[PDB]
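>>> My sequence and its experimental structure, below.
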Amino acid sequence: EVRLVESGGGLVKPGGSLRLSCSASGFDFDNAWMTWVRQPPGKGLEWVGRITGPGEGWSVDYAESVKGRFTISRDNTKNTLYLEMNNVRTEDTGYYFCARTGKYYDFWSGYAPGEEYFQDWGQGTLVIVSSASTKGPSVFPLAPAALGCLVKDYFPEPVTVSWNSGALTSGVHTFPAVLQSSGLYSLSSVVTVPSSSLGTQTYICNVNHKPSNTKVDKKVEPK
Amino acid sequence: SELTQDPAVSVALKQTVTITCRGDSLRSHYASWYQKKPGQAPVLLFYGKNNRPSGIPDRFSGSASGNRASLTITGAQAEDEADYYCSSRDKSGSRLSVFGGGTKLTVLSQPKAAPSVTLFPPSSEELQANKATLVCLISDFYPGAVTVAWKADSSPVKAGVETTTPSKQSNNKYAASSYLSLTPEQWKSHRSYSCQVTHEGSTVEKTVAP
């Protein structure tokens, strides 16, 4: 019955501003505490902040890596939770979540703040922080067995990598892209090779980038 | 990291596994546990002293003693393979909340395999373009949990390291890639560059030189 719907994520430049919204239904939103939790790509969860209800004087707590830059507010008339991201940095990239937080205190064994547990979560919205204008990839060959092509500095996604115009499909693996500190995605694809015959058969990777309309073919040869 | 967990723990099918979360604040507070599958929303599993929310199977159970919090899965199944996080206060009495490092639980479905590591030096074409990038490709390992560290000669490298999350290949094994961005001057200078790949308590190292 409980539902949480996040919205407002997208591309943002460093130092810019963005606002995230989380609508709630299925529970008493007026007296429930809310918390934002973010997860960087490939990393763990991080507590962002929590805003209380009117019983606790609308008080908001923030994480130390978040204070002074993000602001959390709520609108009980619309059952929405907000997260105003200001002076955004490249480190803030990741999926942002809103969760209906519970409050627990064991009476016989207990402590002053009261252990807080996040009961119901949302699906999350993605916020990519890059300064970078659309840019075609640069492909550098990787010499041998294993053969690879380094797609580097491409924005935005995606890049489709094909080997020998679709003939090469044995052992091929196209890794996941990584968003660099520069703000430009980079990616590699590797093919396992018979390790006996290399001179007889050519090995060319076909890199395709539709946002920039750039098609690149690079011959990979041994040193 | 106020709350610390093991990075990855493997469990056999229909067996019992315990994930341990440790921290100073756990001496004065309980801990809540969460199950996170890739893409799907995190789900609360256990909280408080002996509280299990309705819907969660009874094979999950929690415990705590001293500065440790333990989540026990009795008779693990295939669908239990996911990331598990602990959550409590960062300090005793603090109004803030913090999460643990995370424990990648893997259910044994394929015979465990050691990684194959390949390290590529920067191409002469890239060095001509005032750029340099080291590519350390890892594949054919199980379970999909490795830790990659870069070495400049005998000194670890922290700046410019980008390593992707492991992904399954077409042969039921995982593969991960790592990158290291240097300047052409930092490349031609160094005697050797090393990519240390640690998997299941054992490390495989490959080295390249200009």
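Ah, there it is. Numbering: from 1, shown residues only, chains lettered A, B, ... in the order given.

>>> residues contacting residue B:28?
A:111, B:89, B:92-93 (C-beta atoms under 8 Å, 6 or more residues apart in numbering or on different chains). (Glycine included, C-beta is placed from N, CA and C.)

>>> do residue A:165 as well
By C-beta under 8 Å, 6+ apart, the contact list for residue A:165 reads A:204, A:206.

>>> Swap in 6 Å and give it another go.
Residues in contact with residue A:165 (C-beta atoms under 6 Å, 6 or more residues apart in numbering or on different chains) are residue A:206.

>>> wait, is it part of a helix?
Yes. If the criterion is DSSP: H, G, I helix; E, B strand; the rest coil, then residue A:165 is within a helix.

>>> From chain B, how far out is it?
In this view, residue A:165 and chain B are 20 Å apart by C-beta to the nearest C-beta, to the nearest Å.

>>> Next, give phi and psi for residue B:126.
With angles defined as degrees, to the nearest 10, residue B:126 sits at phi -70, psi -40.

>>> Report the beta-bridge partners for the nearest residue to it once chain neighbours are set aside.
Closest residue in space to residue B:126, ignoring its immediate chain neighbours: residue A:140 at 4.8 Å, by C-beta to C-beta, 6 or more residues apart in numbering or on different chains. Under DSSP bridges, the beta-bridge partners of residue A:140 are residue A:150.

>>> Residue A:140 and residue A:49, how far apart?
Residue A:140 is 42 Å from residue A:49, where distance means C-beta to C-beta, to the nearest Å.

>>> Compare neighbour counts for those two and give me the winner.
Taking neighbours as other C-beta atoms under 10 Å in any protein chain shown, residue A:140 and residue A:49 compare with residue A:140 leading, 24 against 20.

>>> in terms of contact, does that one touch residue B:122 like I think?
No. Taking C-beta atoms under 6 Å as the definition, residue A:140 is not a contact partner of residue B:122, at 8.0 Å.

>>> Identify all residues paired with residue 34 through a beta bridge.
Since you didn't name a chain, this refers to chain A. With DSSP bridges applied, residue A:34 shows beta-bridge pairing to residue A:51, residue A:100.

>>> actually it's chain B I care about, not the one you picked
Using DSSP bridges, the bridge partners assigned to residue B:34 are residue B:44, residue B:85.

>>> Put together JSON lines for the contacts of residue B:28, with distance to residue B:133 on each row.
As requested, those are exported to JSON lines (distance: C-beta to C-beta, whole Å):
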{"residue": "A:111", "distance to residue B:133": "50"}
{"residue": "B:89", "distance to residue B:133": "42"}
{"residue": "B:92", "distance to residue B:133": "46"}
{"residue": "B:93", "distance to residue B:133": "47"}
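
>>> How about the residues of chain A by chain B?
Contact residues (C-beta under 6 Å from any C-beta of the partner chain) of chain A with chain B: A:42, A:44-45, A:47, A:61, A:104, A:106, A:111-113, A:115-117, A:119, A:121, A:123, A:140, A:142, A:146, A:150, A:173, A:175-176, A:178, A:180, A:188, A:190.

>>> For residue 84, the count of nearby residues, please.
No chain in the question, so chain A it is. Residue A:84 has 13 nearby residues by other C-beta under 10 Å.

>>> Not quite, go with chain B.
Residues within reach of residue B:84, counting by other C-beta under 10 Å, total 24.

>>> Mind giving me the PyMOL command for buried ones among the residues of chain A next to chain B?
Here is the PyMOL selection string for the buried members of the residues of chain A next to chain B, based on 16 or more other C-beta atoms under 10 Å in any protein chain shown:
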select buried, chain A and resi 44+45+47+61+104+111+113+115+116+117+119+121+140+142+146+150+173+175+176+178+180+188+190
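
>>> Pull out the buried members of the contacts of residue B:28.
Here, 16+ other C-beta under 10 Å leaves A:111, B:89 buried among the contacts of residue B:28.

>>> Would you point out which residue is most central in chain A?
residue A:94 (3.3 Å; C-alpha atoms, centre = their mean).
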